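# Here come the first chain(s), positioned as in the complex:
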Amino acid sequence: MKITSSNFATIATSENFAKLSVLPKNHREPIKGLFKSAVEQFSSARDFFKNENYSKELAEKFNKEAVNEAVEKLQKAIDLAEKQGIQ
């Protein structure tokens, strides 16, 4: 159940994201937002190399920070979902 930056995409799947549709809206909205934000951040956590202004160490500094932020966000989301009681 642990989320790590190496086995991350095996958990952040479309099936996992769509399993959240049963929760009540007051709970459904926050976890879905967290999941969406984490997925987007992971998907866009490497455009810093495509831009030539983020030169040298800033590029992988931003990459590492973004990956850690995304994995922490989905850890929080999955913890909230676990508290709500889904598998």
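Structure's in. What do you need? Residues are numbered from 1 along each chain as shown, chains lettered A, B, ... in the order given.
# Tell me the spacing between residue A:5 and residue A:19.
According to C-beta to C-beta, to the nearest Å, residue A:5 stands 22 Å off from residue A:19. Every C-beta, even on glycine, is put in place using the N, C-alpha and C of the backbone.
# got the buried residues for the longest helix seen in chain A?
Ranked by residue count and defined by DSSP state H, the top helix of chain A is helix A:57-84. Judged by neighbour count using 16 or more other C-beta atoms under 10 Å, the buried positions of helix A:57-84 are A:59, A:62-63, A:66-67, A:70-71, A:73-78, A:81.
# got it, and stretch A:36-54?
A:38-39, A:41-42, A:45, A:48, A:54.
# same thing with stretch A:12-20?
Under 16+ other C-beta under 10 Å, the buried positions of stretch A:12-20 are A:12, A:16, A:20.
# and the end-to-end length of that stretch?
12 Å (C-alpha to C-alpha, to the nearest Å).
# Please name the nearest non-neighbouring residue to residue A:8.
Leaving aside its sequence neighbours, residue A:8 sits nearest to residue A:71 (C-beta to C-beta, 6 or more residues apart in numbering; 6.1 Å).
# I meant residue A:66, not that one.
That would be residue A:45: by C-beta to C-beta, 6+ apart, it lies 3.8 Å from residue A:66.
# Check the contact between that neighbour and residue A:63; I expect there is one.
Yes: at 5.9 Å, residue A:45 counts as touching residue A:63 under the criterion of C-beta atoms under 8 Å.
# Let me see the residues that make contact with stretch A:51-63.
A:45-46, A:48-49 (C-beta atoms under 8 Å, 6 or more residues apart in numbering).
# next up, chain B:
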Amino acid sequence: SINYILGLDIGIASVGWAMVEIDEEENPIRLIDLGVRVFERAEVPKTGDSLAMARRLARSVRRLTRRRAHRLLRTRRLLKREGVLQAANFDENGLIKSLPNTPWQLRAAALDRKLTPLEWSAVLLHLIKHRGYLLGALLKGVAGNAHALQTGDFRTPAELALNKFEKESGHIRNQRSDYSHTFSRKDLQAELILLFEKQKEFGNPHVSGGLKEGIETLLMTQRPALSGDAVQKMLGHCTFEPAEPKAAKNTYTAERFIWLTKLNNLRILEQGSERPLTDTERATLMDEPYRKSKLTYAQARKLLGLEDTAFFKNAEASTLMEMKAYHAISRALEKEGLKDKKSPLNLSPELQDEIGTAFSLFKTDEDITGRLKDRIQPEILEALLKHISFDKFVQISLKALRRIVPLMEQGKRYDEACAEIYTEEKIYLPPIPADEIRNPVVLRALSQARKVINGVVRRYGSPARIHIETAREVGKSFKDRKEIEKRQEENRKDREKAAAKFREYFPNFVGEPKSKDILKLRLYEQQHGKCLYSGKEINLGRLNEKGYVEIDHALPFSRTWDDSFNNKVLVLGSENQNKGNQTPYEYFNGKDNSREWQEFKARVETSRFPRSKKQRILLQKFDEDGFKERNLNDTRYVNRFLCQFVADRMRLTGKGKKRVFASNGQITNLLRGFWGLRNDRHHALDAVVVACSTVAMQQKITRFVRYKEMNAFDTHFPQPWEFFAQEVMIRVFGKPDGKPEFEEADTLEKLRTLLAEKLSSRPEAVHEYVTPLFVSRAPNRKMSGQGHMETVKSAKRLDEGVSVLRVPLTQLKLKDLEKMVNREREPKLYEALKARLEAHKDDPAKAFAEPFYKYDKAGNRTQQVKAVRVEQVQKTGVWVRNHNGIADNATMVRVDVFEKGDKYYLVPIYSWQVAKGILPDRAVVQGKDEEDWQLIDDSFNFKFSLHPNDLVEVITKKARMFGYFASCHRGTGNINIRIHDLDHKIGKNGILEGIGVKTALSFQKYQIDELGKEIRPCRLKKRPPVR
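So that you can see how it sits with the rest, here is chain B on the chains above:
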């Protein structure tokens, strides 16, 4: 149970419908029902912006300000926890106390003197807050600033701001909507690194590595741009192979799939036909993308080498397909200097596929060197981990790709390829798909049309056929619509000028020269004083003569149905007596190339006819079938899509196979003119005209015109039934034909007796489904919307009816000049402002184009007066900016009606009250302000709630009103109601202002259907909560 044809007239703001009963031979025999539905077009009427623009702008601004505030808060946290901050300096939910008010002077003086720990946080926060730029004025300003920096002594942008930036114009930050004082973020990096280095040089226990790292992270922190949906970016599974994950939109095979799918259905358009690529053409265009990047519309054309006779299904210049991954990998290999500029990529497709999967599944250096170390050469991994980033996932697995791609290369179509490897009819129309309809107005119009169709099918049954007619204004952009309106106005003005010219030649012609003789004279002018066919000459005696000249179709109507404006010509008295239904190709001996044809070609070759008409002199064996089929149908996107959708997705109990007839516009006008038929109720007229244009009527019309084309009448045009122009007018307007002064029948009994009296010879004029027409309007019961006006006002003097607002001089007028807050505390300034204002007659733009100066007592000048705060009345408002500002109330969103003592009270409910959940308790009383409003308690009975565009009825002592409630005036307590059809002869533009709801005998809100029927009263039970 009932066989009928349903006719629709679809506009951008209304939809008219009619039903015509038919016999077994598709001939109208009755007029069952008709109606009109009205809504608001899905755009801003004033300008033309989409309905979802302000929401998008507000959302973007909210996100921007939230991100900036969070960045500043994180800067504060980093400066406190990762360095010397003396956290006793941070108090409560506040900030660094006694913060210096001049960061700009400090940031330019940090290289010649130490900065206090209280003077370091200020400059750091200032740098983080205004972090510059990473569309012409902005770019020009930053370019000019960059040029200025590298010319003089401007080592820091702060020094530039302090030295030459403020001493000229008297300001540092930009004012108004200008763009001069903008800076680049790279220059801010340079200034920041110079600050840190040259300030650690002097001393200070700060300037550790953590400070530099944090400030550089915060200064170059920009969120990555979002694109597409979010489900598409996740690793799902395969629809065909439920054992393997998806593939990225970066691999060789997936992009091969995309290329083949896009290439198969190119559909090269040859002059309007369908000309697909054959085997030999697709064998060359296939490899071009993979060799060059920008393959545009014309790039393939050069390989095709056509001669403008083959379009595509300049301005038409867009990349039909682009090599993203292939050229990205090529550039990543090239920029490291280990590959030539233009050479094939020395890598197998399997290798590129695997690196794409690895790059799209993992985003960390360690993992990418954990899966690519054993497959690519040592240099390749490092070269890829410098300029490469991929995303997105396709819905087709890698395993299925190896099977799908070869078949699509073999020429097999997508569907059959995936079928070999591995839209039922319903009663009601399904929702209109928004994928193909990329237009809001068209989508809304089709949705309303679908609602009407579903309603009529529910009430009566499945229609036999649907005849669709769309106005020329639908499916067009706003600018084209405006051009159409201006062209119509210009045409009307030109017609009036031509009429004025006409009133000179023959004043004795009755007393009203009409447009028919105008057209005759104009077409005479086209011939340039010459005659056609006969070959005689002008200087005939009387232009009309009642028989001398007859407008006739060059190409016969019975074969072309092509009235238009080109076909009609005017001839002289001689000839034309033995023409018949013969085109000039079979009448003037043109087939054998005789003189009777060449002579008349020479005669008409000097005419002023239009190009289309001039080249319509001769038609070499034109298709005598499709032509009449082309003028009887519509060839636009919306009509074709409607035909296809209603043909496939619902059931039509017809006889043939093409049981959807989209008619033209000129044919409808021809039919309405022939059959007699010459406010917001005329939409049903074209609906009835359209649903009677069956193929049997076309057959009878062709027979009649062919018989009359030979002058063989040795009788009027055929009509659907006797007494057509009368029954339709009575059913629509409830009045006799062409009598705007007659009384109107708005009841079943009145309409029925009028029909029985004026049409006693037609027993079919009455039936159990006759009802006076009632226009229906689209309801709008949303409780969301704006919270208040954009501007906000000071609320210090809110005990009275006072509120202060700062307005610029260029916008202030003489009306607000007498309401200035400081009117008596400085007399000379007010007199000077009046003198400047009372010079150009209330023209502020031309009066304050020159600077204003508060002149000191006994002479001299002082600093400018760029803006002045004036005083405005304010009896109520909305508290915003954390109880620091007052704003005007938003648009009314609900009204609550209470009844006591045979008197009615209105309680207004706005959007902000709904948001906060505070339902009101004060009913509006005319004159008195809110504090003196009648309070609501348990002794007030609740009747109903009114939303905009709701059917209401009042019964006052003078008359009875039945309309659609539109707005409620809180200053008087009187509601406004629009008349159902918006008749220009009732009230002011169809509205009844100042209706007295109070002391009315009766007042109740009605409910209406979507077809204008089922008008019943509704009694709401209990007050609904705001949230």
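# The buried residues of stretch A:12-20 with chain B there, same question as before?
By 16 or more other C-beta atoms under 10 Å in any protein chain shown, the buried positions in stretch A:12-20 come out as A:12-14, A:16-17, A:20.
# Closest one to chain B out of these, please.
When the buried residues of stretch A:12-20 are compared for distance to chain B (C-beta to the nearest C-beta), residue A:14 wins out at 3.8 Å.
# which of the buried residues of stretch A:12-20 are close to chain B?
Contacts with chain B are made by A:12-14, A:17 out of the buried residues of stretch A:12-20, judged by C-beta under 8 Å from any C-beta of the partner chain.
# Is residue B:4 in contact with residue B:18, as I believe?
No: contact criterion C-beta under 8 Å: residue B:4 and residue B:18 do not qualify, at 9.6 Å.
# ok, the most centrally placed residue in chain A - contacts?
Geometric centre of chain A, nearest residue: residue A:38, 2.4 Å, by C-alpha atoms, centre = their mean. Applying C-beta atoms under 8 Å, 6 or more residues apart in numbering or on different chains to residue A:38 gives the contacts A:12, A:70-71, A:73-74, A:77.
# Now do the host helix or strand of it: distance to the chain's middle.
Residue A:38 is part of helix A:25-43 when elements are defined by DSSP states H and E. On the basis of C-alpha atoms, centre = their mean, to the nearest Å, helix A:25-43 sits 8 Å off its chain's mean C-alpha point.
# so how far is residue A:32 from the residue nearest to the centre of chain A?
11 Å.
# same check, this time on residue B:34
Taking C-beta to C-beta, one finds residue B:34 at 48 Å from residue A:32.
# cool, residue B:120 as well?
Residue B:120 is 42 Å from residue A:32, by C-beta to C-beta.
# while you're at it, add RNA strand C from this line:
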RNA sequence: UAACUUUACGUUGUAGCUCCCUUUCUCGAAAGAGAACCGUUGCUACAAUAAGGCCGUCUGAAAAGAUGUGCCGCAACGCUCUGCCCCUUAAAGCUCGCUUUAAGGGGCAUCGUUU
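Let me add RNA strand C to what's already shown:
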């Protein structure tokens, strides 16, 4: 089409400097000047920048008020879930025609999707 990183503005409040300024205090050379509580022109800094809802964490019994390296908040479309209204059939009874419960069909949303 529909959306997406930002930047520079505008308005409100507070603080600093600054110009006009209507009363009231402080005077022997009549002119003015000084200090104040208010208004207000301009420059800079800071906070807010829809009104507000959800979810997690703190003080805790009447409730907050803060807090978060999280989303939604002026739109479009639709009826699987929830609500309002209207219309049929049913169990009924009214009091001598309105409600209670319903099953079904619709319209609109405080409901659902996209944002």
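# With RNA strand C now part of the structure, what is the answer for the contacts of stretch A:51-63?
With C-beta under 8 Å, 6+ apart, stretch A:51-63 has contacts from A:45-46, A:48-49, B:134, B:185-186, B:213, B:216-217, B:220-221, B:363-365.
# now the helix holding residue A:38 against helix A:57-84, angle please.
Following axes from the mean of the first three to the mean of the last three C-alpha atoms, to 10 degrees, one obtains 150 degrees for the angle between helix A:25-43 and helix A:57-84.
# okay, helix A:25-43 in PDB with CA atoms only?
Provided in PDB are the C-alpha atoms of helix A:25-43 (Å, rounded to 0.1, in the frame of the first residue of the first chain):
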ATOM      1  CA  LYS A  25     -19.600  14.600  -2.600                       C
ATOM      2  CA  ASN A  26     -18.200  16.200   0.600                       C
ATOM      3  CA  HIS A  27     -15.600  13.400   0.600                       C
ATOM      4  CA  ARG A  28     -15.600  12.600  -3.100                       C
ATOM      5  CA  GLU A  29     -14.400  16.100  -4.200                       C
ATOM      6  CA  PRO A  30     -11.300  16.500  -2.000                       C
ATOM      7  CA  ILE A  31      -9.700  13.100  -2.700                       C
ATOM      8  CA  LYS A  32     -10.500  13.300  -6.400                       C
ATOM      9  CA  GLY A  33      -8.900  16.800  -6.500                       C
ATOM     10  CA  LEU A  34      -5.800  15.500  -4.700                       C
ATOM     11  CA  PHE A  35      -5.500  12.500  -7.100                       C
ATOM     12  CA  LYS A  36      -5.900  14.800 -10.200                       C
ATOM     13  CA  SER A  37      -3.300  17.300  -8.900                       C
ATOM     14  CA  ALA A  38      -0.800  14.500  -8.000                       C
ATOM     15  CA  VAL A  39      -1.300  12.800 -11.400                       C
ATOM     16  CA  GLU A  40      -0.900  16.100 -13.300                       C
ATOM     17  CA  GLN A  41       2.200  17.100 -11.300                       C
ATOM     18  CA  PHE A  42       3.800  13.700 -11.900                       C
ATOM     19  CA  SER A  43       3.000  13.900 -15.700                       C
END
